[PDB]
file data_19.txt (compact mmCIF, C-alpha atoms and all ligand atoms)
# COMPACT_ATOMS: atom_id res chain seq x y z
CA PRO T 1 -1.17 -5.92 -37.54
CA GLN T 2 0.54 -3.25 -35.42
CA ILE T 3 -1.63 -0.52 -33.89
CA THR T 4 -0.02 2.68 -32.67
CA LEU T 5 -1.67 4.58 -29.82
CA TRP T 6 -1.75 8.13 -31.21
CA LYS T 7 -5.54 7.70 -31.39
CA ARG T 8 -7.99 5.37 -29.70
CA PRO T 9 -7.35 1.73 -30.79
CA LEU T 10 -10.81 1.26 -32.30
CA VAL T 11 -11.37 -1.78 -34.53
CA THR T 12 -14.38 -3.38 -36.19
CA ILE T 13 -15.93 -6.37 -34.42
CA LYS T 14 -18.74 -8.76 -35.33
CA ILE T 15 -21.05 -10.00 -32.57
CA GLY T 16 -24.62 -11.29 -32.60
CA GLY T 17 -24.81 -10.61 -36.31
CA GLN T 18 -23.88 -6.93 -36.01
CA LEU T 19 -20.77 -4.96 -36.93
CA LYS T 20 -19.53 -2.47 -34.33
CA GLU T 21 -16.50 -0.39 -33.40
CA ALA T 22 -14.74 -1.38 -30.18
CA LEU T 23 -11.66 -0.48 -28.16
CA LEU T 24 -8.77 -2.93 -27.81
CA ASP T 25 -8.40 -2.25 -24.09
CA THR T 26 -5.49 -3.76 -22.15
CA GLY T 27 -6.84 -2.12 -18.99
CA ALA T 28 -10.11 -4.08 -19.13
CA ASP T 29 -10.26 -7.50 -17.48
CA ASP T 30 -13.57 -8.19 -19.23
CA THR T 31 -15.33 -7.31 -22.48
CA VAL T 32 -18.12 -4.74 -22.13
CA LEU T 33 -20.41 -3.85 -25.04
CA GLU T 34 -22.97 -1.09 -25.45
CA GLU T 35 -26.58 -2.04 -24.81
CA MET T 36 -27.79 -4.67 -27.28
CA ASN T 37 -30.54 -7.29 -27.19
CA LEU T 38 -28.69 -10.60 -27.33
CA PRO T 39 -30.70 -13.83 -26.96
CA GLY T 40 -30.04 -16.47 -24.33
CA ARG T 41 -29.60 -16.57 -20.59
CA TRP T 42 -27.49 -14.11 -18.61
CA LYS T 43 -26.45 -13.27 -15.06
CA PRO T 44 -26.33 -9.83 -13.41
CA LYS T 45 -22.93 -8.31 -12.73
CA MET T 46 -21.39 -5.04 -11.55
CA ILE T 47 -18.11 -3.67 -12.92
CA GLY T 48 -16.33 -0.61 -11.58
CA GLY T 49 -14.07 2.01 -13.08
CA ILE T 50 -13.53 5.74 -13.02
CA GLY T 51 -16.74 7.33 -11.77
CA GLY T 52 -18.08 4.18 -10.13
CA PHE T 53 -19.96 1.05 -11.16
CA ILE T 54 -22.45 0.14 -13.86
CA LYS T 55 -24.86 -2.80 -13.96
CA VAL T 56 -24.31 -5.21 -16.85
CA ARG T 57 -25.66 -8.52 -18.14
CA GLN T 58 -23.12 -11.34 -18.40
CA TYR T 59 -23.44 -13.64 -21.42
CA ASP T 60 -21.14 -16.67 -21.66
CA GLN T 61 -19.64 -18.41 -24.71
CA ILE T 62 -20.42 -15.58 -27.13
CA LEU T 63 -18.67 -15.64 -30.51
CA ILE T 64 -16.89 -12.41 -31.44
CA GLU T 65 -14.77 -11.70 -34.51
CA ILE T 66 -12.17 -9.02 -33.79
CA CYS T 67 -10.53 -7.59 -36.92
CA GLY T 68 -11.00 -10.92 -38.66
CA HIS T 69 -9.75 -12.95 -35.67
CA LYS T 70 -12.37 -15.22 -34.11
CA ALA T 71 -12.85 -15.53 -30.36
CA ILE T 72 -15.41 -16.94 -27.93
CA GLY T 73 -15.90 -16.03 -24.30
CA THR T 74 -17.77 -13.96 -21.77
CA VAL T 75 -19.33 -10.68 -22.90
CA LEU T 76 -20.89 -8.07 -20.61
CA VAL T 77 -23.71 -5.88 -21.95
CA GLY T 78 -24.80 -2.63 -20.33
CA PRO T 79 -24.81 1.18 -20.42
CA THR T 80 -21.15 1.60 -21.31
CA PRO T 81 -20.26 4.69 -23.39
CA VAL T 82 -17.87 2.64 -25.55
CA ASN T 83 -17.54 -0.94 -26.77
CA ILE T 84 -14.59 -2.42 -24.85
CA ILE T 85 -12.65 -5.53 -25.85
CA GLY T 86 -11.01 -6.84 -22.69
CA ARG T 87 -8.13 -9.18 -21.94
CA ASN T 88 -10.39 -12.24 -21.90
CA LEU T 89 -10.70 -11.90 -25.69
CA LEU T 90 -7.44 -10.06 -26.50
CA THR T 91 -5.51 -13.15 -25.39
CA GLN T 92 -7.56 -15.26 -27.80
CA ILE T 93 -6.54 -13.18 -30.83
CA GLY T 94 -2.87 -13.14 -29.84
CA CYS T 95 -2.75 -9.47 -28.88
CA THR T 96 0.35 -8.19 -27.07
CA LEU T 97 1.77 -4.90 -25.82
CA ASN T 98 5.22 -4.04 -27.16
CA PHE T 99 7.70 -1.29 -26.35
CA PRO L 1 9.44 -6.05 -23.88
CA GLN L 2 6.55 -8.07 -25.31
CA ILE L 3 3.70 -8.27 -22.80
CA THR L 4 1.00 -10.93 -23.07
CA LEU L 5 -2.42 -10.27 -21.56
CA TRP L 6 -3.29 -13.38 -19.55
CA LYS L 7 -2.62 -11.24 -16.46
CA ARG L 8 -3.12 -7.54 -15.87
CA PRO L 9 -0.26 -5.60 -17.57
CA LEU L 10 0.97 -4.12 -14.30
CA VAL L 11 4.37 -2.41 -14.24
CA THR L 12 6.47 -0.40 -11.83
CA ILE L 13 6.61 3.36 -12.39
CA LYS L 14 8.63 6.15 -10.79
CA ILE L 15 6.96 9.54 -10.29
CA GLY L 16 7.97 12.33 -7.93
CA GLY L 17 10.88 10.14 -6.86
CA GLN L 18 8.55 7.41 -5.58
CA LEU L 19 7.93 3.93 -6.97
CA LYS L 20 4.39 2.73 -7.66
CA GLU L 21 2.52 0.03 -9.55
CA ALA L 22 0.40 1.07 -12.53
CA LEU L 23 -1.72 -0.54 -15.24
CA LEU L 24 -0.83 -0.12 -18.92
CA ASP L 25 -4.27 0.89 -20.19
CA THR L 26 -4.73 1.27 -23.94
CA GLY L 27 -8.38 2.14 -23.33
CA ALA L 28 -7.45 5.29 -21.40
CA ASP L 29 -6.75 8.52 -23.26
CA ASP L 30 -5.10 10.00 -20.17
CA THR L 31 -2.97 8.87 -17.23
CA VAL L 32 -4.77 8.83 -13.88
CA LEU L 33 -3.09 8.03 -10.56
CA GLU L 34 -4.52 7.47 -7.09
CA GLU L 35 -4.33 10.25 -4.51
CA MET L 36 -0.73 11.34 -3.96
CA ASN L 37 1.39 14.41 -3.30
CA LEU L 38 3.13 15.97 -6.31
CA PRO L 39 5.12 19.23 -6.40
CA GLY L 40 4.25 22.16 -8.63
CA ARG L 41 1.04 23.81 -9.71
CA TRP L 42 -2.09 21.88 -10.66
CA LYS L 43 -5.43 22.75 -12.21
CA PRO L 44 -8.81 21.25 -11.25
CA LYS L 45 -10.28 19.17 -14.06
CA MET L 46 -12.97 16.57 -14.74
CA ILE L 47 -12.58 13.14 -16.35
CA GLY L 48 -15.20 10.53 -17.20
CA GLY L 49 -14.92 6.76 -17.07
CA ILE L 50 -17.28 3.81 -17.37
CA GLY L 51 -19.17 4.79 -14.21
CA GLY L 52 -19.30 8.56 -14.44
CA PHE L 53 -17.12 11.61 -13.89
CA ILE L 54 -14.64 12.45 -11.14
CA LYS L 55 -12.72 15.53 -10.04
CA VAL L 56 -8.96 15.30 -10.56
CA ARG L 57 -5.86 17.44 -10.14
CA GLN L 58 -4.10 17.92 -13.48
CA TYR L 59 -0.29 18.07 -13.33
CA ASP L 60 1.37 19.11 -16.59
CA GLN L 61 4.85 18.18 -17.83
CA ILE L 62 5.53 15.62 -15.09
CA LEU L 63 8.53 13.30 -15.35
CA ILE L 64 7.50 9.65 -15.05
CA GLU L 65 9.54 6.52 -15.77
CA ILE L 66 7.54 3.49 -16.94
CA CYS L 67 9.31 0.12 -16.88
CA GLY L 68 12.62 1.92 -17.36
CA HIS L 69 11.31 4.17 -20.16
CA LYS L 70 11.09 7.91 -19.51
CA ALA L 71 8.08 10.08 -20.32
CA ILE L 72 7.17 13.71 -19.61
CA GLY L 73 3.51 14.61 -19.81
CA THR L 74 0.20 15.26 -18.12
CA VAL L 75 -0.72 13.25 -15.02
CA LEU L 76 -4.18 13.36 -13.44
CA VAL L 77 -4.50 12.63 -9.72
CA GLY L 78 -7.84 11.65 -8.21
CA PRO L 79 -10.11 8.86 -6.97
CA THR L 80 -9.38 6.36 -9.72
CA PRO L 81 -9.82 2.68 -8.76
CA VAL L 82 -6.26 1.88 -9.92
CA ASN L 83 -3.20 3.67 -11.26
CA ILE L 84 -3.56 3.66 -15.05
CA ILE L 85 -1.05 4.68 -17.71
CA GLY L 86 -2.98 6.13 -20.64
CA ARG L 87 -2.15 6.69 -24.28
CA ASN L 88 -0.68 10.16 -23.64
CA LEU L 89 2.31 8.42 -22.02
CA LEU L 90 2.15 5.03 -23.77
CA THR L 91 2.93 6.81 -27.04
CA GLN L 92 6.00 8.44 -25.45
CA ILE L 93 7.54 5.08 -24.53
CA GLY L 94 6.83 3.65 -27.99
CA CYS L 95 4.06 1.27 -26.96
CA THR L 96 2.00 -0.47 -29.64
CA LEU L 97 -0.63 -3.21 -29.84
CA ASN L 98 0.24 -6.22 -31.99
CA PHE L 99 -1.64 -9.32 -33.12
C1 LIG D 101 -10.11 2.22 -15.30
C2 LIG D 101 -9.62 0.83 -15.78
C3 LIG D 101 -8.82 0.14 -14.66
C4 LIG D 101 -10.84 -0.05 -16.12
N1 LIG D 101 -11.55 0.47 -17.33
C5 LIG D 101 -10.89 0.24 -18.68
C6 LIG D 101 -10.26 1.57 -19.20
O1 LIG D 101 -9.53 1.33 -20.35
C7 LIG D 101 -11.39 2.56 -19.50
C8 LIG D 101 -12.19 2.14 -20.74
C9 LIG D 101 -13.17 3.32 -21.07
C10 LIG D 101 -12.84 4.32 -22.22
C11 LIG D 101 -13.79 5.47 -22.53
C12 LIG D 101 -15.09 5.64 -21.72
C13 LIG D 101 -15.43 4.65 -20.58
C14 LIG D 101 -14.47 3.49 -20.26
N2 LIG D 101 -10.78 3.84 -19.82
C15 LIG D 101 -10.81 5.01 -18.88
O2 LIG D 101 -11.52 5.03 -17.89
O3 LIG D 101 -9.95 6.09 -19.21
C16 LIG D 101 -10.21 7.42 -18.56
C17 LIG D 101 -9.08 7.97 -18.37
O4 LIG D 101 -8.67 8.49 -19.88
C18 LIG D 101 -9.76 8.92 -20.41
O5 LIG D 101 -9.97 8.30 -21.83
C19 LIG D 101 -10.88 7.35 -21.69
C20 LIG D 101 -11.75 7.76 -20.39
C21 LIG D 101 -10.92 8.38 -19.55
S1 LIG D 101 -13.25 0.29 -17.30
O6 LIG D 101 -13.88 0.81 -18.53
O7 LIG D 101 -13.88 1.03 -16.20
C22 LIG D 101 -13.51 -1.47 -17.15
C23 LIG D 101 -13.62 -2.34 -18.43
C24 LIG D 101 -13.83 -3.86 -18.27
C25 LIG D 101 -13.92 -4.47 -16.84
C26 LIG D 101 -13.81 -3.63 -15.63
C27 LIG D 101 -13.60 -2.09 -15.76
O8 LIG D 101 -13.92 -4.37 -14.58
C28 LIG D 101 -13.82 -5.83 -15.06
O9 LIG D 101 -14.11 -5.83 -16.39

call {"tool": "encode", "arguments": {"input": "data_19.txt", "output": "structure tokens"}}
result
Amino acid sequence: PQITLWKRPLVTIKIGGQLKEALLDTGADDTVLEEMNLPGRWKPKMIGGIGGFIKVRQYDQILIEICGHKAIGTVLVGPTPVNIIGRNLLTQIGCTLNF
Amino acid sequence: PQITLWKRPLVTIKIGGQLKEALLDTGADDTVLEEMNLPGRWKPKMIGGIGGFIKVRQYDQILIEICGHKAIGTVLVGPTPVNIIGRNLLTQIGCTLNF
């Protein structure tokens, strides 16, 4: 599909057995999801943006379905105000910028 | 152009007659540039990111050329970690997400 940018590019994702709304974010190196209790091991991480840094938990090899397109990679979980799909997964679903 | 996302979508911009590098950021509503000098009046404003809120200088109706495409709109100047082009200008250059 083609998504115009008049409004936030929010799409439905499926992760850890839950459906959620998330931003397709070309400005995000990594994928950052709102606090959720995923099972398995994780490693602490800090990611910075406008306003400073937040502490997140890094989970590896997590399956995510983005608008019906399957992907698997690293997912960060922490106190983000918005679910953010980063480039690590956008590449896997064939997402491109076009103008 | 069609831009894949295996690297950061960084592009050259021209603003105030000066060239800079900026990130095409579909997760940003607004355009936020690092500290710089711009002519004209500005208003103090607040913007929030993943880590909190920062004070910025809002410049309205600013000419800015992005990868050879012209836009005229609001530019926020403040302590952002990187120059980001937000949807307010991405729409003006006809940018869309595609997968
Ligand atoms: C600032 C850029 C370089 C990085 N950010 C991605 C942005 O898309 C961010 C994603 C974002 C969106 C909404 C709330 C919090 C983060 N948007 C943002 O800060 O935009 C601000 C400017 O316009 C306004 O509209 C949105 C907030 C304002 S981010 O959220 O802090 C971020 C995401 C994944 C990351 C990372 C940083 O480091 C490595 O992995």

call {"tool": "atom_distance", "arguments": {"input": "data_19.txt", "atom1": "atom CA of residue L:83", "atom2": "atom CA of residue L:40"}}
result
20.1 Å

call {"tool": "atom_distance", "arguments": {"input": "data_19.txt", "atom1": "atom CA of residue L:27", "atom2": "atom CA of residue L:10"}}
result
14.4 Å

call {"tool": "closest_residue", "arguments": {"input": "data_19.txt", "among": "L:39, L:17, L:68, L:44", "to": "chain T", "atoms": "all atoms listed in the file"}}
result
L:68

call {"tool": "interface_residues", "arguments": {"input": "data_19.txt", "of": "chain T", "to": "chain L", "cutoff": "6 Å", "atoms": "all atoms listed in the file", "output": "list in words"}}
result
residues 1, 2, 3, 4, 5, 25, 26, 27, 49, 50, 51, 52, 53, 54, 80, 87, 91, 94, 95, 96, 97, 98 and 99 of chain T

call {"tool": "axis_aligned_box", "arguments": {"input": "data_19.txt", "around": "stretch 34-40 of chain L", "padding_each_side": "3 Å", "output": "AutoDock Vina command-line options"}}
result
--center_x 0.3 --center_y 14.8 --center_z -6.0 --size_x 15.6 --size_y 20.7 --size_z 11.3

call {"tool": "closest_residue", "arguments": {"input": "data_19.txt", "among": "T:31, T:62, T:13, T:56", "to": "ligand LIG 101 (chain D)", "atoms": "only C-alpha atoms and all ligand atoms"}}
result
T:31
